[PDB]
Amino acid sequence: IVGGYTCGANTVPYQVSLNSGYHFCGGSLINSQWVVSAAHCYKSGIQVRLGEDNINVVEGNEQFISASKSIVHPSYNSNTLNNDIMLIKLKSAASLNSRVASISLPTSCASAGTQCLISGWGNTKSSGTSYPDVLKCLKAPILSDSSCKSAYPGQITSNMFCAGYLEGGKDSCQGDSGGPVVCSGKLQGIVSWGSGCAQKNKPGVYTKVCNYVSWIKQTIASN
Ligand SMILES: NCCc1c[nH]c2ccccc12
Ligand SMILES: [Ca+2]
């Protein structure tokens, strides 16, 4: 997260870290046994890390649980990043508490101008590289479809939205991928793609979770 703030430990209880020997992606806990992330985050050998703040230190609130299965969306296209969503099932159910908690799925899609919280352990520089150990947060508005389409001609599908600032300086970034965009207590987005981080006129692009609720529910119900 570029231009954000330190969230504070365990203040974003649904935020998970996906670890394959190192943190590679974020995710959102949506029930005791399932995580939602980006399809571009797919790999084998994932351990889900819940209750994290400093990802490099064991601070006492973590649960580390291996993934038993991953389900990439059937229509994901890695080239266009259309349908950039994936479910991860835990080998065992997390123990839910104040510091490890699920986030509700949307009942309706959020509008342009809604204020959201974006979070992650990704790069904090738009040109350099610096990775934070503690969770970073950004408050950002959803942008109009028209402005998003204008920013990225020919690339924005019905399954994506922009959030952020056209002026630059505040954005999600590398390593934030798969992480949450929560608006009014609902998961509305997943960190998906952008052109660089925090560049003028290149806001971040997010998977539109509201479009996937039926798939997520049905998938969970049968897996
Ligand atoms: N807005 C951040 C989108 C993003 C995800 N992974 C990345 C890697 C490099 C640059 C941007 C990104
Ligand atoms: Ca830790």
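Residues take their numbers from the sequence shown, with the count starting at 1. We count ligands from 1, going down the list as the structure has it; atoms in each ligand are counted the same way. Reckoned from all heavy atoms, side chains included, excluding hydrogens, waters and symmetry mates.
Annotation: the span from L90 atom CG to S68 atom OG amounts to 7.0 Å, rounded to 0.5 Å. From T124, atom OG1 reaches atom CG of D171 across 12.5 Å, with rounding to the nearest 0.5 Å.
Figure legend: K43 and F24 shown as a cation-pi pair, the cationic atom lying under 6.0 angstrom from the six-membered ring centre and within 45 degrees of its axis. In this structure, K208 forms no cation-pi arrangement with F161, as its terminal cationic atom is not both closer than 6.0 Å to the ring centre and no more than 45° off the ring axis.
The Ca ion (ligand 2) has no N, O or S atom of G51 inside 3.0 Å of it. Taking backbone and side chain together, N54 holds an N, O or S atom under 3.0 Å from the Ca ion (ligand 2). Residue side and main chain included, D53 places no N/O/S atom under 3.0 Å of the Ca ion (ligand 2).
Remark: the backbone N or O of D84 is paired with a side-chain donor or acceptor of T207 at under 3.5 angstrom. The backbone N or O of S144 sits less than 3.5 Å from a side-chain atom of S147, completing a donor-acceptor pair. Remark: side-chain polar atoms of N223 are paired, donor with acceptor, to backbone N or O of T219 under 3.5 angstrom. Between the side chain of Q188 and the backbone N or O of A110 there is at least one donor-acceptor pair closer than 3.5 Å.
Contacts between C173 and ligand 1, counted as non-hydrogen atom pairs separated by less than 4.0 Å, involve the backbone only. Residue-level proximity to ligand 1 for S172 is carried by backbone and side chain together, each with a heavy atom below 4.0 angstrom. In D171, the part holding a heavy atom less than 4.0 Å from any atom of ligand 1 is the side chain.
Protein heavy atom in closest approach to atom 3 (C) of ligand 1: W193 C, 3.3 Å. When hydrogens are left out, the protein atom nearest atom 10 (C) of ligand 1 is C197 SG, 3.9 Å; that is the closest non-hydrogen contact. The protein atom (non-hydrogen) at minimum distance from atom 9 (C) of ligand 1 is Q174 CB, 4.0 Å.
Among the heteroatoms counted here (N, O or S) of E62, OE2 is the one nearest to the Ca ion (ligand 2). The N, O or S atom of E52 with the smallest distance to the Ca ion (ligand 2) is OE1.
Counting atoms of ligand 1 from 1 in the listed order, those under 4.0 Å from a heavy atom of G194 are 3 (C). Atom numbering of ligand 1 starts at 1 in the shown order; those under 4.0 Å from a heavy atom of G204 are 1 (N).
Proximity annotation for atom 6 (N) of ligand 1: of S192, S177, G196, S177 comes nearest, heavy atoms only.
Between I216 and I30 the shortest side-chain heavy-atom distance falls below 4.5 Å.
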